């Protein structure tokens, strides 16, 4: 259970879009959080993996307003670490989110 959440989040950490796809293609909840309330989109945005953020936004359609332990959404990490291609994507996706 939590073993997969970490495989999921470690796949987002490495920029492995294919591994994320295999997780998503098995009906796994892609919005699950870890011990720090961090999601796959959190780790992707913090690392600046533009293609990983794209997949979680377009293919999985994950909630971008999920807050971690410190109350931050994935956009906050992209802003703090100067990943602006991810910032612009999360900006546009947050204004249209459902």
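Positions refer to the first chain, counted from 1.
Between the stretches 70-78 and 86-94, it is 86-94 that shows the larger average CA temperature factor. Ranked by Cα temperature factor within the chain, residue 33 sits in the middle third according to the deposited record. For residue 50, the recorded CA B-factor ranks within the middle third of the chain. Only modelled residues enter the ranking. Residue 62: CA B factor in the middle third of modelled residues in this chain (values from the PDB entry).
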